[PDB]
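Enquirer: Pasting in a structure now, in structure tokens, and then I'll have a few things to ask.
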Amino acid sequence: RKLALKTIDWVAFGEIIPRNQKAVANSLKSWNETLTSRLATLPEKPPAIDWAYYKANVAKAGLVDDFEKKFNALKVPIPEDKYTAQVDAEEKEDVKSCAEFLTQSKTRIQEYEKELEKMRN
Amino acid sequence: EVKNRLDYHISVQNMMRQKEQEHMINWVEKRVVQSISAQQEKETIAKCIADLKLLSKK
């Protein structure tokens with residue numbers, strides 16, 4: 001496919017602690033940057049062949065022609081997944097992140113604010 | 001990976017035509033040149049160009 005547009009706040013990234021992954025994050029960033037540098041380079045298109053030229057010029061012939069149509073015809077899968085639990089190993093851990101710890105954490109936060117009201121008396 | 005293929009076949013025939021051309025050149029020259037010399041008239045041609053020296057050297 002094309003490119004995926006995920007922006008990464010690297011500040012936040014490493015920090016995580018779902019503890020089986022914090023270490024992973026530190027490594028995964030750098031594992032990323034290896035992949036990041038790699039893709040960012042790779043030349044987008046390879047060339048293809050002047051079939052007519054070699055069609056003449058290969059005289060174990062019809063080879064180029066055979067190859068021409070067959071190469072122009074020959075197609076390619078696109079490389080598998082492994083590890084895409086991330087989309088999900090997100091959002092549920094995200095409910096832990098956000099909502100579950102969020103809401104609790106706000107519940108904490110409020111009591112001090114209410115009590116700083118009290119301490120304002 | 002495909003092309004190297006094709007390219008070899010060409011390159012072979014190109015190299016093969018030169019190794020014909022060399023073997024041709026040596027053999028062709030070594031066959032049809034030995035007999036020629038029965039022309040005393042290659043020296044009438046030596047003569048001819050030599051009159052075109054002896055004349056055409058002015």
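Here, each number is a calculation from the coordinates, and none is a lab measurement. Counting neighbours? That spans all protein chains shown, and the Cβs are built from the backbone with ideal geometry, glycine included.
Enquirer: I'd like the full set of residues that are in a helix (DSSP H, G or I) and without any contact (Cβ under 8 Å) to a residue 12 or more places away in the chain, limited to segment A:1-31.
Expert: Listed by number, the residues that qualify are A:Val11, A:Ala12, A:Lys22, A:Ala23, A:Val24, A:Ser27, A:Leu28, A:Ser30, A:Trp31.
Enquirer: Let me spell it out: the conditions are (1) in contact with a helix residue (DSSP H, G or I) (Cβ under 8 Å, 6 or more places away or on another chain); (2) within 14 Å of another protein chain (Cβ to nearest Cβ); (3) loosely packed, with under 11 Cβ neighbours inside 10 Å, and B:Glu1 meets all of them except one. Which number is the exception?
Expert: For B:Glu1, the exception is condition (1).
Enquirer: For segment A:1-16: of the residues being surrounded by 10 or more Cβ atoms within 10 Å (Cβ to Cβ) and among the aliphatic types (A, V, I, L, M), which is nearest to the chain's Cα centre (by Cα)?
Expert: Once the filter is applied, the top-ranked residue is A:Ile8.
Enquirer: Given B:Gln40, B:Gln34, B:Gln21, which one is away from chain A (no Cβ under 11 Å) and either surrounded by 11 or more Cβ atoms within 10 Å (Cβ to Cβ) or closer than 29 Å to A:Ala56 by Cβ (or both)?
Expert: Just one listed residue meets the conditions, B:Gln21.
Enquirer: Across segment A:1-48, which residue is nearest to the other protein chains (Cβ to nearest Cβ) among those that are farther than 19 Å from A:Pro79 by Cβ and basic (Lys, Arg)?
Expert: Result: A:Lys29.
Enquirer: Oh, and also: Condition test on B:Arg17, is it more than 18 Å from the chain's Cα centre (by Cα), part of a helix (DSSP H, G or I) and not hydrophobic (A, V, I, L, M, F, W, C)?
Expert: So B:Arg17 fails the test.
Enquirer: Which pairs do you get when a residue that is more than 9 Å from chain B (Cβ to nearest Cβ), found in segment A:49-76, comes within reach of a residue that is surrounded by 12 or more Cβ atoms within 10 Å (Cβ to Cβ) and among the β-branched types (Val, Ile, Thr), reach meaning Cβ atoms under 6 angstrom, with the pair 6+ apart or on two chains?
Expert: So the pair list comes out as A:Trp51/A:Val64; A:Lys55/A:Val64.
Enquirer: For A:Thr34, state whether it is in a helix (DSSP H, G or I), within 21 Å of the chain's Cα centre (by Cα) and farther than 30 Å from B:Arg17 by Cα.
Expert: Working: in a helix (DSSP H, G or I): yes; within 21 Å of the chain's Cα centre (by Cα): yes; farther than 30 Å from B:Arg17 by Cα: yes.
So A:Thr34 fits the description; yes.
Enquirer: May I ask you to list the residues in segment A:9-37 that are basic (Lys, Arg) and under 17 Å from A:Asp94 (Cβ atoms)?
Expert: Across segment A:9-37, the qualifying residues are A:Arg19, A:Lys22.
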